[PDB]
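Presented below is the structure to which this report refers.
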Amino acid sequence: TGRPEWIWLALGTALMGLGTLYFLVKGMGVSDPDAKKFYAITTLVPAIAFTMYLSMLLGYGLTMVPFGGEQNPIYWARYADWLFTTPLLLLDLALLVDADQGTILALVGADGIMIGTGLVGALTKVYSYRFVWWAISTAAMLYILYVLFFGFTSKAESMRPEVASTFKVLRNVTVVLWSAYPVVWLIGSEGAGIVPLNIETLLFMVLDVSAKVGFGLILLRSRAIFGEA
Amino acid sequence: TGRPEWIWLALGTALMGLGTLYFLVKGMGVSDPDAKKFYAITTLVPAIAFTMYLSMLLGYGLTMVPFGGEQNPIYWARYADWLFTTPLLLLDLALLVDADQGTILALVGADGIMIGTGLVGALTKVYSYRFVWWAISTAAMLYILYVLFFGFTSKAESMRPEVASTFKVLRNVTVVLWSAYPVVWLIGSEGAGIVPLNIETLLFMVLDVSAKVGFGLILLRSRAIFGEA
Amino acid sequence: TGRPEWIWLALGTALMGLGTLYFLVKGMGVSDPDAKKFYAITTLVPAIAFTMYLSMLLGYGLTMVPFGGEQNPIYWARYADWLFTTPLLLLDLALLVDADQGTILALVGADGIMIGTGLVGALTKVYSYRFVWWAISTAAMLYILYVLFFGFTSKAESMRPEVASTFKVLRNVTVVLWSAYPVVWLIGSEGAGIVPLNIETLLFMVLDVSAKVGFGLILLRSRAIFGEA
Ligand SMILES: *C/C=C(C)/C=C/C=C(C)/C=C/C1=C(C)CCCC1(C)C
Ligand SMILES: *C/C=C(C)/C=C/C=C(C)/C=C/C1=C(C)CCCC1(C)C
Ligand SMILES: *C/C=C(C)/C=C/C=C(C)/C=C/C1=C(C)CCCC1(C)C
């Protein structure tokens, strides 16, 4: 194809697909209902990302949004991916540390606003307002990172050290990889246009694989997922 | 801006935003998992309404729908608000009186049809059919009001009198404020066009703040939310 | 109306509506919370299908999708129906055999991809790619049929014989009726265009009523829904 960013969309599609199959093959056999949950959730993440990467690759997940007096290529399928994948990732973390339903409700609701305010920001036709929507989404992200640090973390330690330690690593990964997303949006095609879409697509591809597949490897190789007791 | 209804969209945006912050500040500290749930649910309601009011205010949540041979301004973002907020409000009520999963399923499903049939009605291009969709949505609303009165109410009394009494007030508020919505739609911009959008926007703004913020004040100041036992 | 397929859309609308009322009237009185769940779920199925059939009948749920250098009539409202009804049908089956949350999560997620990949396939503008999306959706369907056969079936027998036997019948019905859907899509208006939309609409109408109403009659007349113990 003629879009310069095809190679990264193709790469991203292959790695999500490859990682979906691996978690599928590893998953079969497992009879533990606790482990059964983590495998379901964590395998669905790249299975979804795979379909959205494919839709971007084939060109379905792309509309042109006019702003700054020019048609801009906006991959809307990213947000449809994130709207479903980011909540499932948070659910993986909350089941580990055995969060109560209240905390889960807030995280998931806040996540919904983050991605939703992101999408509206991405399709807003007044340039200034795009940044208003980014700020609100970013404000929701910080709330989520606050809950991951101060809503549970002390209660995550008052339990199995395999759950506590495995949570500590996955939390640190989540914070570092998720924080990058707003910065890339801000300087990429959707915000200031400082970085061209080509390289922005590379950056999201690296972030998405690490945040989904990299994340899943750490979790599915740990012994926190099993109950044993 | 040049839209006459801006002042009410701006007002509504400020009050939802102001009410979101208040429930947030009041919320922090609370350690009771039952209370934790009611706070999560009831704070998310205006947080969502805030973003949709903002989108209306900035002009994103507005399309023109042609019917009666004229372009009509239709704020579609109301329905995206209600689709999420109205179920969470019903969930607040069902957790109080400890409804079973079956009853919750019906209420939420019925709510989905109500708002969905509402949206389709709002974007239908044949004037007569709009009223067909209104009737079906209104038929779903009555079903919901029947369940609130006769599916639980006797079982809501066979429990803590703080839960029973606090439910009685919130139920009466819900019935009176929710019943108005179909009437306003019917006579406003979306139906008969007897009341102009300007004043219709005022009416929904007053209804929405009372049904969301007013509602939340009553609930969050009560001692039904806490378990204690 | 001038659309040849109106008679089947009208028929389908009447039978869904008629079946919704019947399950409603039969439903009232029932006080058993287990039975309460199955009635909620199984009554919502045709209540939803009714509204989507109506939207198709009135002409709201229809867009023209250009491919093969011609505008093609595509009833998008089928997918909005299935996106909600097919998960609720699977939930009826999983509550019978008392599946764990993990298995339910996978089935529902897989179902989401099936219908989602179906919709994208239905609105893809490159003819070849439509079949790529069909293959992925069909691959998700087979996964679901595998879980219905080999993820539970042995555990469905290790319990009440009324639950085991009633599950056996409903499973066999599900497999036979669901497998037809991809074949009809493939040869109908959305795929190869071997069968005209007129007769395709007939075929989906017969499948939908049997898969929803026929299905519901078998389930709601059984004694598996009640707990008794
Ligand atoms: C699987 C992909 C993941 C984990 C994606 C995460 C994406 C975010 C955390 C995005 C955040 C954004 C903001 C907070 C600012 C507005 C723009 C967004 C949506 C990129
Ligand atoms: C937070 C806002 C609330 C509580 C909104 C409630 C809205 C309704 C109960 C709307 C009902 C409608 C009908 C039953 C008739 C069709 C038009 C609607 C959607 C306004
Ligand atoms: C109430 C209606 C029901 C049970 C509909 C079921 C529909 C399917 C199982 C559709 C399956 C499809 C594929 C697996 C291939 C792609 C096209 C679809 C969506 C028709």
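Identifiers for the structure tokens are assigned positionally: chains receive A, B, ... in sequence, residues are indexed from 1 per chain, and ligands are indexed from 1 in the order shown.
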Taking only C-alpha atoms into account, find every residue of chain A that has an atom no more than 10 Å from chain B, and write it out as an MDAnalysis selection string. chainID A and resid 99:107 109:110 112:113 116:117 120:121 123:126 129 133 136
Leaving out stretch 210-213 of chain A and any residue of its chain fewer than 2 positions from it, which residues lie within 8 Å of it when counting only C-alpha atoms, given as a ChimeraX atom specification? /A:16,19,45-46,173-174,177-178,206-208,215-217
Give me, as a PyMOL selection string, the residues of stretch 53-188 of chain C that a backbone DSSP run labels strand (DSSP E or B). chain C and resi 63-66+71-74
For ligand 3, which of C:158, C:179, C:71, C:13 is the closest residue, counting only C-alpha atoms and all ligand atoms? C:179
Could you please extract the residues within 6 Å of ligand 2, counting only C-alpha atoms and all ligand atoms, and hand them back as a count of residues only? 17
For the helix (DSSP H, G or I) assignment from backbone DSSP, which residues of stretch 71-205 of chain A qualify? Please present them as an NGL selection string. :A and (77-96 or 101-123 or 127-151 or 161-187 or 197-205)
Nearest to residue B:84: which of B:201, B:172, B:42, B:154 is it, counting only C-alpha atoms?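 Checking each candidate against residue B:84, we get B:42 as the closest.
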Residues near residue A:186, cut-off 9 Å, only C-alpha atoms, skip fewer than 6 positions along chain, as a tab-separated table (two decimals) with N, CA and C atoms, in the first residue's frame:
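Output saved as out_37.tsv:
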```
chain	number	residue	atom	x	y	z
A	131	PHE	N	-7.49	20.22	22.68
A	131	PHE	CA	-6.64	20.25	23.87
A	131	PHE	C	-7.42	20.31	25.18
A	134	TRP	N	-8.31	16.64	25.63
A	134	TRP	CA	-7.07	15.98	26.08
A	134	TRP	C	-6.84	16.20	27.58
A	192	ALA	N	-0.23	18.55	18.43
A	192	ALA	CA	0.64	19.61	17.91
A	192	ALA	C	1.24	19.32	16.53
A	193	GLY	N	1.20	18.07	16.08
A	193	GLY	CA	1.74	17.70	14.77
A	193	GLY	C	3.25	17.87	14.66
A	194	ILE	N	3.94	17.73	15.79
A	194	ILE	CA	5.40	17.88	15.85
A	194	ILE	C	6.07	16.61	15.30
```
Mind pulling up the distance from atom CA of residue C:108 to atom 16 (C, counted along the ligand's line) of ligand 1? 28.5 Å
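Considering only C-alpha atoms and all ligand atoms, the residue among A:79, A:143, A:127, A:53 positioned nearest to ligand 1 is A:79.
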For residue A:96, please output as a VMD selection string all residues within 12 Å (counting only C-alpha atoms; exclusion window: fewer than 4 positions along the same chain). chain A and resid 34 to 35 37 to 38 89 to 92 100 152 to 153 155 to 157 159 to 168 170 to 171 219 to 220 222 to 227
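Atom CA of residue A:11 is positioned 26.5 Å from atom 13 (C, counted along the ligand's line) of ligand 3.
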What is the distance between atom CA of residue A:74 and atom CA of residue A:62, in Å to one decimal?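 Here the two named atoms are 5.7 Å from each other.
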